[PDB]
Amino acid sequence: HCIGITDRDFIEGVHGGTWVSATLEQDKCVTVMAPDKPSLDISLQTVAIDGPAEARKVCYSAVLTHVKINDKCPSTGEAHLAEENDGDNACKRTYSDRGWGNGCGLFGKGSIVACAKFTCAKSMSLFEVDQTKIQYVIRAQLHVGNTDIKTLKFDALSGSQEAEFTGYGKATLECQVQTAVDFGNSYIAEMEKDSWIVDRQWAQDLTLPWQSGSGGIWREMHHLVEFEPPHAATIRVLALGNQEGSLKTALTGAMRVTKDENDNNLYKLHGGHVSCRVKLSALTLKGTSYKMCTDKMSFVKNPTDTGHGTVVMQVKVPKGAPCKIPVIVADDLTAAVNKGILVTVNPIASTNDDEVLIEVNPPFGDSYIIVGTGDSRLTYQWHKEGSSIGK
Amino acid sequence: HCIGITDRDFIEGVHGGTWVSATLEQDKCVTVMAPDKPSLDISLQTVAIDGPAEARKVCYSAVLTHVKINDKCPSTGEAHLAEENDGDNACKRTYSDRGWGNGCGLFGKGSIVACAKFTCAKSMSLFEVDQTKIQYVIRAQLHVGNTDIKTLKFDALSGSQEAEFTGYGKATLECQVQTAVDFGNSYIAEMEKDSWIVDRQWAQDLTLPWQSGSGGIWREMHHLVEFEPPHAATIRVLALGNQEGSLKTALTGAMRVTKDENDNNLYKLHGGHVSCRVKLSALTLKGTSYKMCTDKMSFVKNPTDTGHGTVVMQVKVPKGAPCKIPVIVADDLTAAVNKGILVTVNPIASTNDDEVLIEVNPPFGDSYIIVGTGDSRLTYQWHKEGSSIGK
Amino acid sequence: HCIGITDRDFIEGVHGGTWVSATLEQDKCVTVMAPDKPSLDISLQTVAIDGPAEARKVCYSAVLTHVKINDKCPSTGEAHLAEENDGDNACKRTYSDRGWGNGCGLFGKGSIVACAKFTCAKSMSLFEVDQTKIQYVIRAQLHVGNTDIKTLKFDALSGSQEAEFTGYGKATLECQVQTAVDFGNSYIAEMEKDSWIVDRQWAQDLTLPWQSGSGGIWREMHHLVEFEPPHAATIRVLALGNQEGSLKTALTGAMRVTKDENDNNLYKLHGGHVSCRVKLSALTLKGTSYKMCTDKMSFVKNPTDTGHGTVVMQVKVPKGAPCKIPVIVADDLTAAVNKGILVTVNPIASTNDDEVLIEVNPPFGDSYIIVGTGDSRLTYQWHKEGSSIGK
Amino acid sequence: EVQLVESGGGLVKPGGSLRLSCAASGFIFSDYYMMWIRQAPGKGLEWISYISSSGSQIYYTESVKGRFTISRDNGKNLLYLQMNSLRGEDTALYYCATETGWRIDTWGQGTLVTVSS
Amino acid sequence: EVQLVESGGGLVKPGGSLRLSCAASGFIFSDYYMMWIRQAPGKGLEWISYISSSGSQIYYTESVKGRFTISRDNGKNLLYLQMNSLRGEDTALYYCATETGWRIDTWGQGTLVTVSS
Amino acid sequence: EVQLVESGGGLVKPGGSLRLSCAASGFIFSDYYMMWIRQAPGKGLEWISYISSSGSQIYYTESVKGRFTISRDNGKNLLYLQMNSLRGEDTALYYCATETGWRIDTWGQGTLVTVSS
Amino acid sequence: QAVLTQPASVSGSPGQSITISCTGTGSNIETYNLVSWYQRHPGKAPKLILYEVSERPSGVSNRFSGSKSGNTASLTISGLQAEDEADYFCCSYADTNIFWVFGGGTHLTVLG
Amino acid sequence: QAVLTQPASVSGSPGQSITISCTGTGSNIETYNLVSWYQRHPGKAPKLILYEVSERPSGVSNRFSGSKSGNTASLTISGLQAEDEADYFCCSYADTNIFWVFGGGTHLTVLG
Amino acid sequence: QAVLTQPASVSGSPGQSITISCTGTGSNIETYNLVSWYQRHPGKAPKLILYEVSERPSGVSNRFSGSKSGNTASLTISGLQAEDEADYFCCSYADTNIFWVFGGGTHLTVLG
């Protein structure tokens with residue numbers, strides 16, 4: 002269903018054109034009504050990240066070759082292997098007890114070096130998000146009842168795009184993005200076929216070998232490679248067991264991303280408000296008023312955590328009217344003095360028996376989610392935790 | 002007091018509504034004037050950071066236990082303690098030469114391992130700021146003389168909030184934050200009751216033990232742990248003295264934050280502009296104009312460094328009028344080459360004997376701050392340094 | 002040449018003032034046309050960064066003093082030099098084969114330590130960009146044909168500056184910046200006279216010694232210091248050769264920046280939109296009508312990469328009209344199904360034989376850049392790579 | 001699994017001597033620090049002797065420093081305690097125990113030492 | 001430059017004995033692993049003996065584990081292969097090669113060993 | 001605290017042989033590099049001999065190479081300088097000093113060597 | 001009697017949840033948070049049930065828990081069984097000179 | 001005959017681009033990604049021309065290229081000269097027990 | 001006479017500030033940036049008062065300052081006193097062959 006704009010949402014000038022100022026959320030439509038002309042629908046289709054740069058790989062399962070060992074007797078110098086200079090080898094130097102029993106003339110410590118080639122069987126990719134290339138697509142079709156669909160393609164840097172509509176004429180949309188998470192503090196972690204949004208610092212502090220997105224050598228191999236004590240001519244090297252399970256566990260408290268089925272590198276987001284100023288030539292537009300809902304509502308989906316500190320609920324308005332759903336978040340049931348923040352812009356049930364999504368930002372700690380007003384109001388208690396960076 | 006909007010700050014449409022474009026600062030006010038209606042004061046109450054995530058702890062005081070030692074005679078193998086695989090233990094392996102330990106021989110090299118438990122007595126906490134959750138509170142009261156205070160609570164994601172006013176009707180504010188510092192390059196550092204704003208790279212380059220905000224072991228303990236050489240059957244381990252003094256000295260050239268008095272995890276900020284678009288239903292508004300101040304002014308507060316590269320001052324307008332204060336920053340006292348940037352929007356004095364805050368970004372190096380015009384102007388010489396990242 | 006606004010680009014209220022919505026680019030003027038008044042040209046002069054903080058130094062040429070050596074005979078204790086505790090010294094501890102021929106009583110591994118003072122001769126500097134102080138200069142002057156030029160200097164925090172133009176009167180300009188690159192992920196790399204924009208993680212994963220921008224010790228010196236196998240009582244140390252060649256080669260896949268000629272600390276940025284709202288007193292403006300170019304066009308400058316993942320072309324309109332260039336990016340040379348994003352706003356040619364800059368963000372893979380319509384259209388084949396972080 | 005077995009305790013007149021033994025099994029005895037702990041009547045538990053893995057580091061309390069002597073025989077997996085110049089205060093239940101991670105991990109059943117004239 | 005030279009191949013009867021020698025030059029012999037490789041008639045190449053830089057690590061294929069014996073003289077830059085109990089299956093072109101980086105690097109011209117009863 | 005005490009200076013004929021002694025005290029002598037420095041008439045200061053903490057590394061100036069011989073006795077905390085084939089240029093104020101940090105840290109009071117025919 | 005102060009006797013019904021306290025001086029428990037708990041069935045060997053205050057060795061029932069607040073460390077036993085009738089001791093690494101202080105002991109009885 | 005499989009005979013005219021395949025099995029080539037290619041003129045020593053799949057030693061012409069997809073490692077010679085006529089072999093580090101397995105060899109012919 | 005060139009004599013009255021320049025050629029003072037200053041009262045041992053150009057050892061007063069600019073290093077004594085009358089020397093690590101070069105010396109005379 003589509004929601005009509007109010008009078009204050011647009012402004013018609015004596016000379017020039019009429020500007021519409023709408024805040025667009027995902028999967029919520031907003032319609033523009035003009036007398037003797039079809040209503041114009043405007044909806045945010047998607048917010049996506051296209052081709053993020055891989056900034057780091059994290060190994061969680063390694064494979065070694067056999068152990069190459071050069072060893073020298075006492076008073077014969079240092080034992081060197083030419084593999085010590087290859088960066089993809091796991092090398093270690095030490096001294097082993099030598100003597101007559103193992104082919105050395107005099108007793109004492111003999112130099113010894115062991116190297117084993119390090120390959121990464123399975124790695125986790127960490128992607129960098131360029132916020133100047135966050136895409137957002139806006140659709141605009143004339144109401145059906153030349154009703155073709157106009158799809159405009161945006162990206163943070165290019166925020167001004169043009170279009171034309173029947174009757175309304177040429178249009179200019181000047182839009183902005185506000186992401187739901189800070190991609191300056193976050194990576195896109197891609198382990199198997201799955202993917203997540205993880206914090207940057209949580210990812211650098213992992214005790215696993217890592218490799219730059221630019222390439223190079225696998226650094227800090229010692230998290231998966233272990234060198235046993237020597238026995239006079241030999242050193243055992245062990246690749247520590249696969250660590251996918253330990254990594255998949257630490258990603259439990261991390262929100263997920265979904266690749267597009269076709270593009271397969273489009274990481275399309277869900278949260279995010281697109282603030283557009285629609286610019287049109289001069290024409291009178293139709294407004295719409297909304298009374299506040301005054302009848303009993305019900306939680307279709309009880310308030311749930313979204314992954315980025317906000318709570319989503321889905322209430323049903325079966326009776327009242329095309330109406331605005333009053334939502335506040337308070338410390339106590341007494342004052343009804345709001346302490347939270349209403350993320351959702353204009354929670355409006357267009358028709359009766361409709362189900363409306365509502366996003367809210369409770370204060371940290373205990374609070375009460377209040378939907379409605381008076382005595383036929385929904386009261387849901389909430390708890391909010393300290394928002395660690397991981398684990 | 003409150004500064005009335007200008008004629009050009011609002012626009013009344015033929016249909017729809019009238020929009021007011023206001024740029025709100027802290028401790029400054031804006032009043033929307035309507036004929037046959039009381040004035041409407043709009044002010045930015047606070048800009049706050051609520052419960053940032055802890056990304057890293059930095060230890061500036063360590064405590065150790067007694068030293069656990071396992072030693073072996075020559076040709077008896079390596080000496081091992083199970084403490085070597087614990088995380089919070091600091092170990093060091095070495096060789097013995099003379100008859101060190103349990104009656105070994107005077108010839109050959111024996112193996113020694115020493116370990117001591119690492120505990121952090123005092124740590125500095127570094128908090129990551131989620132720029133999608135920077136809160137800003139805007140107040141709107143009808144001029145007293153329903154004059155009820157309406158308090159609107161925003162965050163970066165939710166820039167569109169609703170309100171209702173007597174006479175003016177229903178309002179929709181579409182605001183935006185512009186913080187004064189770069190939280191993408193900044194931590195919020197907490198060392199004690201005190202707390203500062205520090206640069207990320209500065210804190211990560213500190214030569215101190217640190218622990219990930221996601222928990223785990225303490226890393227790089229050797230900054231506060233010194234393993235003494237063997238001294239005939241004992242190995243001494245020294246924890247370096249407290250570094251609380253060294254950090255406080257390094258935190259001198261860093262701007263500070265103020266926790267909320269009650270909500271201790273509520274960091275309040277002082278800088279920042281909030282550009283709003285107040286959307287009201289159609290109604291005429293009363294516009295005000297201002298002349299440039301012509302009389303003599305006086306520095307109530309001399310120009311001072313703010314800590315984020317800008318200069319704050321306070322001029323007094325005792326004589327002239329409700330007037331706008333001319334402020335420029337120039338190379339030489341022959342004015343009009345404004346080499347600086349005026350941060351404050353419309354530094355207007357409401358009545359006489361008013362003290363007006365003025366913020367300014369001068370060029371790097373030497374420049375003159377010229378407040379006023381004519382020969383009665385106010386001149387202050389300034390010097391701006393290279394803006395290192397700290398220390 | 003300046004480009005006139007359309008009817009929808011401005012709005013005039015019954016009461017209050019007139020608002021103009023202009024998206025300003027570099028090297029493109031935008032003019033405001035008023036009846037019985039000269040035109041008002043508004044241009045974005047420059048977008049620059051003024052003296053960013055130094056966050057890190059990367060050494061690519063090292064100098065060492067003479068090697069200092071303290072050696073001990075076998076079973077005579079550890080060898081120690083006081084230089085081991087200095088930060089700027091590059092030390093290494095090991096055992097060397099001693100015996101009768103080199104002045105020791107008994108054969109075996111004798112301790113030895115080699116130290117050399119590390120001084121960096123040539124280093125690359127990395128600069129943190131504070132996005133709250135990014136500057137942009139906006140030029141407005143009355144159409145020649153008070154007629155002087157008004158130069159308004161903004162910064163991201165001070166996004167509202169006042170001006171006054173004769174006839175049009177007082178003006179309030181509320182603007183924003185949308186840079187072309189994510190400076191939260193990028194450094195400004197100075198190596199010589201030259202300068203680049205490089206990715207943060209690329210520069211930190213470099214295999215070279217580095218020093219904090221806050222000064223201190225040089226870290227990871229072994230990238231330029233080579234410690235040789237020890238002889239009897241000597242260790243040879245090599246300062247690895249100059250690494251300027253390798254860095255310059257790795258810096259090729261990175262876009263360049265330009266210090267300004269006079270200021271020698273401004274880094275002149277070339278991409279970026281400046282979304283401005285020009286608040287003026289109420290007065291009618293004359294809009295301009297722009298049709299679509301239908302004649303044949305040609306590529307004066309062929310489509311090339313920008314460095315920040317976009318494509319820039321310079322097409323010539325020799326005949327058609329004051330007109331708008333139709334630009335799409337599609338998968339195939341068949342019907343216009345646009346998949347790219349048009350970055351440039353209003354690719355319009357004022358007169359004929361003008362050359363128009365067009366910036367385009369094509370999708371990944373093979374795509375077709377189609378300029379024009381019909382048989383007299385330009386078609387350029389493009390391929391887009393995976394956007395690595397560098398190297 | 002890990003077991004400690006004390007022995008050698010009993011009844012002994014003051015001024016005499018006694019020698020305790022503690023047999024370990026189920027772990028590498030030469031790798032863990034060992035200690036003797038006693039519980040006197042009407043008093044809290046008290047560690048009296050602390051020995052390193054190799055036997056190089058020895059620690060005592062001032063109560064028993066001149067009288068008791070802790071030692072071990074890593075070859076035979078045995079921990080000893082030579083108690084000389086016994087007094088009435090030494091009357092206690094004596095435990096041997098292993099230490100790892102700056103905590104006392106495993107105990108033995110204990111042995112009873114009574115000092116009466 | 002780097003060179004390996006095989007010698008000692010020829011004709012011999014089954015059950016007999018033969019010794020292969022491989023002289024190296026152009027590199028430090030004591031620093032690199034060496035190995036023996038044979039190409040049987042109608043078969044692919046096959047490494048049969050593999051020795052370490054010092055001669056402490058020895059690896060053999062099952063076909064030769066009891067019969068062949070590989071050794072090296074790092075003082076004389078010589079790699080040896082002593083072949084005993086020669087069979088028909090052992091007739092092949094025999095190569096000595098260096099192994100650095102987990103890949104066989106430099107080869108010799110090979111020597112021909114024929115066994116006919 | 002740190003003390004260097006030169007001795008053995010005086011008058012001697014050209015071609016004569018003199019030995020200077022520097023008695024160091026107040027620090028671990030066997031851990032610090034030592035050197036000999038002289039100030040001649042009408043000339044600036046000049047280091048002529050430099051020796052390592054173990055006496056392994058020796059450095060001389062060209063003026064004194066085959067004639068002067070620096071040495072030390074780390075057991076007795078003494079630094080020597082045997083001057084042979086003395087010339088007129090060798091007449092100067094001779095100092096012994098410690099070197100630590102690539103800087104000359106502590107000096108001695110100095111001794112006077114006058115060469116007159 | 002003892003350096004660390006804990007109650008002599010605690011009694012609890014089956015299924016209940018009862019806790020045991022262990023109090024020391026400021027320079028006894030607040031420095032290292034290195035506090036361990038032991039359970040001694042008479043005639044048997046004491047068993048380690050808690051160490052590093054909140055950590056629980058392998059083979060100790062989930063019912064046992066550990067916590068600490070200032071001078072006082074606390075052992076809490078929920079889901080009480082009669083098999084838990086024993087003497088419970090408290091240990092704390094004091095400092096680098098005396099190394100370990102024990103509590104006086106606590107007799108726990110399951111009333112049946 | 002062999003464990004790695006390459007065609008017995010491949011021929012090409014001068015200037016042509018010729019590709020020699022080396023098909024392995026699973027756990028023969030897919031794990032370690034170190035595959036070597038050798039060239040042997042008759043009576044001479046085999047010369048290493050490719051190692052680590054795509055890497056080329058010093059002195060080996062850019063005409064020789066290396067690639068791999070799944071089981072099949074491939075050697076490609078462009079600008080086919082007369083000198084290239086030789087036998088080409090294929091080596092792969094299979095596992096920690098057998099170490100190296102070889103290809104049967106491939107006769108390359110330059111039609112003159 | 002010397003390698004590093006410093007004035008032969010400098011005079012100052014009590015309470016004044018003086019500056020003794022130490023000018024050497026390139027490849028003497030500009031490479032390593034480790035330049036030390038010494039003070040020698042007649043008959044006593046020379047004492048290190050500056051090293052690493054700006055750095056001052058413990059026990060030396062704040063009156064002694066050190067700076068360098070290109071070829072010329074400079075010791076600046078502020079708030080001159082009576083005991084400061086001595087010779088002042090300058091040392092620089094030239095290169096890895098000659099190791100150290102000294103200034104000719106400078107007699108400081110305090111007028112009184």
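Taken in order, these protein sequences are the chains called B, C, A, H, F, D, I, G and E.
Letter by letter, the first sequence follows residues 2 to 146, 153 to 398 of the entry's author numbering.
Letter by letter, the second sequence follows residues 2 to 146, 153 to 398 of the entry's author numbering.
Letter by letter, the third sequence follows residues 2 to 146, 153 to 398 of the entry's author numbering.
The fourth sequence begins at 1 in the entry's author numbering and counts up by one.
The fifth sequence begins at 1 in the entry's author numbering and counts up by one.
The sixth sequence begins at 1 in the entry's author numbering and counts up by one.
The seventh sequence begins at 1 in the entry's author numbering and counts up by one.
The eighth sequence begins at 1 in the entry's author numbering and counts up by one.
The ninth sequence begins at 1 in the entry's author numbering and counts up by one.
Note that beta-carbon positions come from the ideal geometry of N, C-alpha and C, so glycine has one too.
Item	Value
Tell me the rounded alpha-carbon separation between B/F128 and G/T31.	25 Å
List the residues that DSSP assigns as beta-bridge partners of C/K275.	C/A49 and C/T265
Could you please give the first and the last residue of the uninterrupted beta strand (DSSP E) stretch that includes D/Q39?	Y33 to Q39
Could you name the residues of the same chain whose beta carbon sits closer than 8 Å to that of C/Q250, not counting the 5 residues immediately before and after it, in chain order?	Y61, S62, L215 and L231
Leaving out the 5 sequence neighbours to the left and right, which residues in its chain are closer than 8 Å to I/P46 when beta-carbon positions are compared?	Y38, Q39, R40 and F89
Judging by CA-CA distance, which residue of G/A73, G/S78 and G/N71 is the nearest neighbour of G/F64?	G/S78
Sort A/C3, A/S97 and A/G78 by Cα distance to A/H238 and report the nearest one.	A/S97
Give the residues from the region 73 to 88 of chain D that approach chain A closer than 7 Å (Cβ to any Cβ), ordered along the chain.	none
Output yes if chain B places a C-beta closer than 8 Å to the C-beta of F/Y33; else output no.	yes
Determine, using beta-carbon pairs with one atom in the region 9 to 16 of chain H and one in the region 326 to 340 of chain A, whether at least three such pairs fall under 8 Å.	no
Check whether chain B comes within 8 Å of G/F99, counting only Cβ atoms and requiring the distance to be less than that.	yes
Looking only at C-alpha atoms, which of B/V367, B/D270, B/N71 and B/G102 sits nearest to B/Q321?	B/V367
What residue range is occupied by the uninterrupted alpha helix (DSSP H) comprising A/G252?	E251 to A257
With distances taken from CA atoms, which of C/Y137, C/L273, C/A54 and C/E233 is nearest C/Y194?	C/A54
If we count the other Cβ atoms within 10 Å of its Cβ and call it buried at 16 or more, is I/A82 buried or exposed?	exposed
Which residues in the same chain have their Cβ closer than 8 Å to the Cβ of H/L93, if we skip the five residues on either side of it in sequence?	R38, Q39, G110, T111, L112 and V113
Select from the region 326 to 349 of chain A all residues with a C-beta closer than 9 Å to any C-beta belonging to chain B, and list them in chain order.	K331, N345, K346, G347, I348 and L349
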